[PDB]
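Student: Provided herewith is a single structure, encoded as structure tokens, for subsequent inquiry.
Cβ: placed from backbone, ideal geometry, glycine included. Neighbour counts: every protein chain shown. Please treat every number below as a calculation from the coordinates, not as lab data.
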Amino acid sequence: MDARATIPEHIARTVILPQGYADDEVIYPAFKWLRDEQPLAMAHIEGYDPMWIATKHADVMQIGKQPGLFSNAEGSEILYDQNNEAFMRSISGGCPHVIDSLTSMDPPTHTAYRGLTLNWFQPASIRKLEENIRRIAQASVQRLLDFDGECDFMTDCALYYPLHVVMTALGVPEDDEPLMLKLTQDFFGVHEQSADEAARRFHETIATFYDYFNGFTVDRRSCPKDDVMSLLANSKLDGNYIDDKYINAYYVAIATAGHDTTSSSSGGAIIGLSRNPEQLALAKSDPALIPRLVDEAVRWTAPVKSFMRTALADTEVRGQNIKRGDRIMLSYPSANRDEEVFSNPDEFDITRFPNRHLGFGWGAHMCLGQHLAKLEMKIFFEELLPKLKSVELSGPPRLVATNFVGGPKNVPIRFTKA
Ligand code: HEM
């Protein structure tokens, strides 16, 4: 219906809708066409707002850099169809954000709330978790090795270690694993009963989680620890504690943001190594390559498929006239296969350097957890790879049919033990 839309319907459907993300050979050719022919253009398909599709690495950085011009707060920062956004608005007091977490905020609010934990998540602070992360990683590796050379790398291994890491970072006890899996896999899981009923279930379930998290907040105000829950519980702004709604959103955001992404990227690494056995040999003879392996797994997997922005003023990008109120989809996968930046970007190559990928985004909201993600993946692969003589896929990987946080959910493998 919007006269400015120039992206062919079939291409627009492929890049916007969830289904195509389940197959690399569906999604990546569509983005290649856009990068070649309509690098920044408008799409409008039935059931969605009109939107610009940012397919180029340069543009995704330019937009992400300027939160004053391209907003997280103003519209939904997640790519929902109109029906789902309206449902979200109806359970969130009219706001297009289900909780008050960092990705829902614009500066200066954003800057203040991110600032509460920014230092904790920097490499020097994160390095103190090394011993704990190594214990957690070894447990997951043992889990895999307990199989007689056959398992699902995701469901039998990679599902676990990153949740345990985010739990240790927060301060959630080991025994609460079931509740944390419910949080990230069930309540905030991918869909893949009336509206009133769904809304009732939502309000009940989130209240249950927030009651649970409130107990930690109270605990840490009397008995401080070096974990994130303690940091936030004991934080003040303008001389007062942060409201429970911001604290609990922060706990949920950290758990959900840090689990699937890391698991998925780990699966991506195993797919890459399975298809490229020489690279497994390389990482085994030179463990100092593992950080480069980790960055390549994140670039190539690109588990976060999109975030959205709303233009707050008329403005120009790649010679296009973006108008106030226009929504923009940021495609991290398309940026990560941009030929102007990467040679042979469809190839998994652990020696790729430099590797200036946007798997963690770029600019004001750039992944808070990026340093924790890189450290835990490094430690995991340091522990796993010496234990493996070989690894191969036993069947096709199954990827999540989503336009938000996807990548591998199931990675059937065979392996021989070193
Ligand atoms: C391979 C693993 C991961 C990937 C690919 C990833 C990716 C991303 C991306 C793309 C964003 C949006 C950035 C932007 O708008 O520019 C983001 C935001 C965020 N990530 Fe991650 N992430 C990963 C791991 C983690 C971990 C382990 C944590 C926490 C322990 C985490 C916490 C967050 C938080 C809190 C935000 C919101 C930050 C803000 O709005 O200021 N992520 N992540």
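Student: Under 17 Å from a label point 7 Å along Cα→Cβ of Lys245: give me every residue in segment 84-107 with its amide N that close.
Tutor: Residues 88-106 qualify, since their backbone N sits under 17 Å from the label point.
Student: Taking the Cα-to-Cβ direction at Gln82 and at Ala199 and moving 7 Å from each Cα, how far apart do the two end points lie in nm?
Tutor: 1.9
Student: Oh, and also: Once phi is turned into ³J(HN,Hα) by the Karplus curve 6.51 cos²θ - 1.76 cosθ + 1.60 with θ = phi - 60°, what whole-Hz value does each residue of segment 395-407 show in order, with x for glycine and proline?
Tutor: x, x, x, 9, 9, 6, 7, 8, 9, 10, 10, x, x
Student: Expressed as a whole number of Å, what is the distance separating the alpha-carbon centroids of segment 94-146 and segment 1-55?
Tutor: Comparing the Cα centres of segment 1-55 and segment 94-146, I get a distance of 32 Å.
Student: In the chain, how does Rg compare with the Kirkwood Rh, expressed as the Rg/Rh ratio over alpha carbon atoms? Walk me through the numbers before you get to the answer.
Tutor: Details: Rg = 21.2 Å, Rh = 22.3 Å.
Here Rg/Rh amounts to 0.95.
Student: Grab the DSSP H runs of the chain that are 4 residues or longer, score each as -39,500 (n - 2.57), total them, divide by all residues and round the 222 nm result to the nearest 500 deg cm²/dmol. Each step should come with its number before you reach the end.
Tutor: Values: 16 runs with 187 residues, N = 418.
Result for the chain, helices only: -14000 deg cm²/dmol.
Student: Just to be sure I understand: of the beta bridges DSSP finds with both ends in the chain, what percent are antiparallel, rounded to 5?
Tutor: Values: 26 of 30 bridges.
Roughly 85 percent of the DSSP beta bridges within the chain come out antiparallel.
Student: Quote to one decimal, in nm, the extra length available between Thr111 and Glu46 on full extension: 0.36 nm per residue of separation minus the C-alpha distance between them. Spell out each step's value before the answer.
Tutor: On the way: separation 65, 0.36 × 65 = 23.40 nm, distance 3.59 nm.
Taking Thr111 through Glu46 to full extension adds about 19.8 nm, to one decimal.
Student: At each listed q (0.13, 0.15, 0.16 Å⁻¹), what is the log10 of I(q)/I(0) that the Debye formula gives for segment 247-313 modelled as equal alpha-carbon point scatterers?
Tutor: -0.51, -0.62, -0.67
Student: Which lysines have a Cα lying under 29 Å from the Cα of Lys32, excluding residues fewer than 8 positions away in the same chain?
Tutor: Partners within reach: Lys56, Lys65, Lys305, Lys323, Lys374, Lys409.
Student: Compute the length gained on full extension between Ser92 and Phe147: take 0.36 nm times their separation in residues and subtract their Cα-Cα distance, giving the result in nm to one decimal. All intermediate terms of the calculation are to be shown ahead of the outcome.
Tutor: Details: separation 55, 0.36 × 55 = 19.80 nm, distance 4.50 nm.
Separation in residues times 0.36 nm, less the Cα-Cα distance, equals 15.3 nm.
Student: How big is segment 239-286 by Rg and Dmax over its Cα atoms, in Å?
Tutor: Looking at segment 239-286, its Cα Rg and Dmax stand at 19.0, 57 Å.
Student: Using the per-residue mean of other Cβ atoms lying within 10 Å as a proxy for protection, in what order, highest first, do the peptides 267-273, 253-259 fall?
Tutor: On the way: 267-273: 26.0, 253-259: 21.9.
Highest mean packing first, the order is 267-273, 253-259.
Student: Can you work out the FRET efficiency for the pair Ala313 and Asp176, with r the C-beta to C-beta distance and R0 = 51 Å, to the nearest 0.05?
Tutor: Details: r = 46 Å, r/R0 = 0.89.
It comes to 0.65.
Student: For segment 109-238, how big is the tail of P(r) above 16 Å, as a whole percent of Cα pairs?
Tutor: Details: 6125 of 8385 pairs.
That fraction is 73 percent.
Student: Label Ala139 and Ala58 with points 7 Å out from Cα along Cα→Cβ: what is the distance between them in nm?
Tutor: Placing both labels 7 Å along Cα→Cβ, they lie 4.8 nm apart.
Student: Sticking with this structure for a sec: Given a Förster distance of 35 angstrom, what is the FRET efficiency for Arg356 paired with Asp219, based on the Cβ-Cβ distance and rounded to 0.05? Walk me through the numbers before you get to the answer.
Tutor: Details: r = 42 Å, r/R0 = 1.20.
About 0.25, to the nearest 0.05.
Student: Any idea which of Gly268, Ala364, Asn83 is furthest toward the positive side of the dipole for the chain, if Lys and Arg beta-carbons carry +1 and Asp and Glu beta-carbons -1?
Tutor: It is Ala364, whose Cα lies furthest towards the positive end.
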